[PDB]
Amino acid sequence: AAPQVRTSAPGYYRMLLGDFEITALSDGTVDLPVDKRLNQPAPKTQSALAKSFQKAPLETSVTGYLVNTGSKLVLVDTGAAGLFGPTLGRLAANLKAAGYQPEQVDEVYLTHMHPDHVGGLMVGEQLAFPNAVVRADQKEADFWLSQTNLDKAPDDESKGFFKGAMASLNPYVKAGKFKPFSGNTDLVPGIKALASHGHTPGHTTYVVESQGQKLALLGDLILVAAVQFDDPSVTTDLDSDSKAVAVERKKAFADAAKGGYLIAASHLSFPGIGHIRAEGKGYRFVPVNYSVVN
């Protein structure tokens, strides 16, 4: 007779990294036809999913990462807001439930400008982080914010990716709040941009370092853990440069396994944080041990 509550706990996850505080912020999840996206036979993807006890369209987390360096509050990726269906757009509420207000964010860094990463930049026609400067790679902005690329896009879904980027960033560009970088660049003390182009022309990894503790925020360098850890060579039809993304993925996996530091990625099962170990033909992902933060 006790009612079922049936609400997930607030989607934020707290982790110390040296003297910095990290908060994975969930935007929700969305079901993706990953077998149709991956560049390999659908039964092969089907089987890899089933080995990890997944199938059919796959419920995929969408996550952004809040870094409090003690002097700046930085958000890496912003979820989708309302751009990508009604199951997403939760990052704003989870930012507040994690004890921060959007106005308190100093900078927003974008791994890339796909809709599930930039949508959160806007709430209606108002800036969602009115106090922040938005940073991403020059090559990312130059590709996605190009009117000519939009009008030449050969389908409504592609056009929609361009429109979503424009609707999400151009308010900041026009307000003088967009500050691009090019390639490997020191950002806020404690965070650097690391070029990992190929999923998109300007796709960027954000590397957080404090007191010798490292965390590489890989954005969309990996999209389907149950396939691409074992086989980092499998790509998707959403990658701008397949061979580049395979190179940059293998690079990040080998470097993280050698150094033994944490990685995170937007679409690993929330909170999406853990270590990586070279195993057999590929890699094994080891989710971070639950730790209470006081």
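Each residue number is its position in the shown sequence, starting from 1.
- Between 27-35 and 255-263, the higher mean Cα B-factor belongs to 255-263.
- Stretches compared: 151-159, 102-110. Higher mean C-alpha B-factor in the entry: 151-159.
- Comparing C-alpha B-factors across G280, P10, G274, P271 in the deposited entry, the largest value falls on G280.
- For the set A195, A97, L73, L145, the maximum C-alpha B-factor listed in the entry falls on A97.
- Annotation for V293: C-alpha temperature factor in the highest third relative to the rest of the modelled chain, per the entry.
- Among the modelled residues of its chain, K177 has a C-alpha B-factor that falls in the middle third according to the deposited record.
- For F129, the recorded CA temperature factor ranks within the middle third of the chain's modelled residues.
- When all modelled residues of the chain are sorted by CA temperature factor, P171 is found within the middle third.
- When the modelled residues of the chain are ordered by C-alpha B-factor, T204 sits in the lowest third.
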